[PDB]
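Quick note on labels: first sequence line is chain A, next is B, and so on, each numbered from 1. Order of listing sets the numbers, starting from 1, for every ligand and every atom in it.
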There are 2 protein chains.
Amino acid sequence: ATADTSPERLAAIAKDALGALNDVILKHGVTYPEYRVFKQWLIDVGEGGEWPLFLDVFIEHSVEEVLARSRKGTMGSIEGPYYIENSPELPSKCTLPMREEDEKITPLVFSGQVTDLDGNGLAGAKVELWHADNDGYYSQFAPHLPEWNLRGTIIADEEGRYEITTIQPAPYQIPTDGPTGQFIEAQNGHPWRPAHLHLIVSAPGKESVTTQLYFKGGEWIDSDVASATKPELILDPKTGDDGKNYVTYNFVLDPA
Amino acid sequence: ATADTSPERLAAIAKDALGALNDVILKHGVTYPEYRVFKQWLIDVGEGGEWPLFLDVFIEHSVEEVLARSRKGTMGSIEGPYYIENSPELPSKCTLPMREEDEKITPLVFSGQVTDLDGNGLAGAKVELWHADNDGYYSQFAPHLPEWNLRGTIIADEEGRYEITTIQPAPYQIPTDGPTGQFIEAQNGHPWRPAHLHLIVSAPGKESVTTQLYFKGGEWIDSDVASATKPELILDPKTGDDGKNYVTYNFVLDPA
Ligand SMILES: Oc1cc(Cl)cc(Cl)c1O
Ligand SMILES: Oc1cc(Cl)cc(Cl)c1O
Ligand SMILES: [Fe+3]
Ligand SMILES: [Fe+3]
């Protein structure tokens with residue numbers, strides 16, 4: 001990873017950030033024992049490979065909020081830590097890869113259209129979808145799972161539309177024993193994210209959008225540990241006589 | 001390391017700290033490329049074992065500043081990362097362990113008295129002294145050095161006094177290639193600490209003081225990268241006809 005940042009912009013960000021943290025120590029009268037625990041915890045975060053987790057939970061929302069200002073299309077949200085590039089391509093009307101066991105969960109049929117800002121549809125738009133299974137696991141972050149379970153890149157047809165059948169994910173819990181979980185537990189917090197689909201939607205000549213979609217009335221919807229939920233991102237699926245849940249949701253992309 | 005912190009105090013510190021960092025992202029419009037570099041850097045800090053270095057340089061000063069409020073004795077300063085407990089004991093009038101090569105550097109003769117707050121001297125006071133050599137290396141953090149080079153615990157006599165001969169340390173440079181050095185270099189900073197003695201002074205029934213002492217007119221005295229220098233901590237050694245530098249400095253300890 002690289003960025004264009006000048007020495008002066010970095011100096012300014014650094015002075016503010018560090019000044020901020022020093023101000024917090026002075027405000028709260030942080031003690032030497034607390035400092036020692038803070039130091040060992042930072043070390044444990046790295047040793048337990050949780051920098052992506054901790055930052056995406058506690059920081060990324062502010063980075064998306066910055067990005068949000070320059071966008072007029074559908075609301076974005078954080079990528080989070082579990083995105084994998086180049087998920088296998090599926091047809092405009094498809095079902096995500098899933099195990100037999102996934103197949104016993106009430107189906108979720110997700111329809112809509114990728115369009116531009118004036119409302120014109122888009123040929124060759126791709127919807128990358130990833131989410132957790134009913135157990136709350138992601139493929140490639142759970143050895144039992146086929147590597148593309150509930151992962152795909154859907155090719156939207158000439159008109160910019162898709163019909164993706166999947167399952168509704170379960171809410172996600174940050175493992176309690178890790179440093180991030182330990183951090184949460186020490187302040188009497190909830191290590192939970194509401195159930196969510198992750199999507200990256202792209203089209204030729206267009207600025208891709210990373211977003212998440214949530215489920216009306218679902219638990220933790222009002223207390224996401226990642227501060228990543230937005231009202232505009234909440235789905236209200238309706239159930240069909242096949243007992244399947246149906247939702248339609250359209251994506252609106254900005255120009256590149 | 002453990003601390004007594006309640007879930008509510010931790011919650012409050014966390015909300016402030018995180019809120020602070022999020023506020024900085026929003027202020028400066030931190031970008032996704034910058035976030036990715038920030039994430040890989042945090043990972044590199046841990047992989048390069050620099051959490052003690054980075055925190056002691058950029059944070060510890062605020063923790064000592066908090067501690068300073070409750071103390072009426074000599075000014076403290078940060079411990080920094082290179083303290084080692086149980087350095088071998090030496091007599092009230094002693095010379096620190098050093099190599100032949102150290103012995104060609106103009107001697108520093110450091111005298112004074114450990115006393116209480118009303119000015120009474122103290123039997124069985126210990127002055128733990130550690131510092132870098134003329135090359136800027138610490139023993140136990142440099143494989144070529146004898147493990148207690150320029151390290152000792154001096155036993156102050158019945159009256160609370162010592163006469164420690166050593167050398168003046170060189171200024172210390174944070175290695176430029178590490179993540180901390182890289183951080184400094186990216187903002188056009190100086191990776192330098194002024195030359196300094198580290199001392200932990202203790203006495204029976206007394207609250208120990210961690211401090212540092214610096215050298216008047218020495219370089220980086222006005223721009224310590226650790227923000228750890230104080231006016232009260234600056235020595236003005238006088239040179240003797242043996243061409244040795246002499247300084248006297250007294251420690252005043254609080255009750256435990
Ligand atoms: O699946 C996730 C897991 C974590 Cl820890 C954080 C976010 Cl934002 C996720 O989307
Ligand atoms: O010897 C030192 C080295 C670093 Cl990096 C920081 C401090 Cl505060 C020191 O005293
Ligand atoms: Fe997720
Ligand atoms: Fe030092």
Side-chain angles (χ1 to χ4, degrees), chain A residues 45 48-64 76-84 129-133 135-142 150-151 168-176 178-181 183-184 189-200 210-215 220 224-230 233, chain B residues 52-53 56-57 60 77-84 129-133 136-142 150-151 168-174 192-200 210-215 220 224-226 228-229 233:
Chain A
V45 172
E50 279 180 2
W51 277 117
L53 177 54
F54 183 89
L55 292 192
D56 292 355
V57 173
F58 297 106
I59 305 293
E60 186 184 354
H61 68 93
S62 275
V63 180
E64 192 285 325
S77 192
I78 69 178
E79 183 181 304
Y82 306 126
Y83 176 62
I84 287 93
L129 172 62
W130 72 105
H131 69 264
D133 67 19
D135 302 335
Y137 302 121
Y138 287 90
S139 67
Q140 303 187 52
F141 293 91
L150 310 171
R151 300 178 181 271
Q168 180 170 319
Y172 191 90
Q173 192 189 199
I174 347 206
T176 307
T180 296
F183 172 59
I184 289 153
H190 310 283
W192 286 92
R193 291 213 69 220
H196 54 281
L197 318 171
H198 289 274
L199 302 97
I200 288 177
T210 305
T211 195
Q212 292 194 38
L213 295 166
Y214 304 97
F215 300 92
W220 317 111
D224 176 10
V225 66
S227 308
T229 58
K230 298 169 184 187
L233 299 177
Chain B
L53 177 54
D56 292 355
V57 173
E60 186 184 354
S77 192
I78 69 178
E79 183 181 304
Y82 306 126
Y83 176 62
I84 287 93
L129 172 62
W130 72 105
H131 69 264
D133 67 19
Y137 302 121
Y138 287 90
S139 67
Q140 303 187 52
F141 293 91
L150 310 171
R151 300 178 181 271
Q168 180 170 319
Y172 191 90
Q173 192 189 199
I174 347 206
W192 286 92
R193 291 213 69 220
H196 54 281
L197 318 171
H198 289 274
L199 302 97
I200 288 177
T210 305
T211 195
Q212 292 194 38
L213 295 166
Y214 304 97
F215 300 92
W220 317 111
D224 176 10
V225 66
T229 58
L233 299 177

Heteroatom N/O/S of B/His198 within less than 2.8 Å of the Fe ion (ligand 4): yes
Least distance between heavy atoms, B/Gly136 atom then B/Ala170 atom: N-CB, 4.2 Å
Positive for ring-ring contact (aromatic ring centres under 6.0 Å, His included) with B/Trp220, one of B/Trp192, B/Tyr172, B/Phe215: B/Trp192
Option passing ring-ring contact (aromatic ring centres under 6.0 Å, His included) with B/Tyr138 (candidates B/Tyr82, B/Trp130, B/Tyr83): B/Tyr82
Per-atom contacts, ligand 1 versus [X] - under 4.0 Å to a heavy atom:
{"X": "A/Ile174", "result": "5 (Cl)"}
{"X": "A/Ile78", "result": "8 (Cl)"}
{"X": "A/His198", "result": "1 (O), 10 (O)"}
{"X": "A/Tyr138", "result": "1 (O)"}
{"X": "A/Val57", "result": "5 (Cl), 6 (C)"}
{"X": "A/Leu53", "result": "4 (C), 5 (Cl)"}

Angular separation of OH (B/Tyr138) and NE2 (B/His196) seen from the Fe ion (ligand 4), to 10°: 100°
Interatomic spacing from OG1 in A/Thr180 to CG in A/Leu53 - rounded to 0.5 Å: 4.5 Å
Heavy-atom side-chain proximity of B/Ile84 to B/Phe141 below 4.5 angstrom: yes
Any N or O of A/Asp56 closer than 3.5 Å to N or O of ligand 1: no
Ligand 1 to A/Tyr82 polar contact by distance, N or O atoms, under 3.5 Å: no
Contact check, A/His196 vs ligand 1, heavy-atom distance below 4.0 Å: yes
For ligand 1, the portion of A/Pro81 having any non-hydrogen atom under 4.0 Å away: side chain
Ligand 1 contact on A/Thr180 by region, counting heavy-atom pairs under 4.0 Å: neither
Heavy atom of the protein closest to atom 7 (C) of ligand 1 (residue, atom name, distance): A/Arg193 CD, 3.5 Å
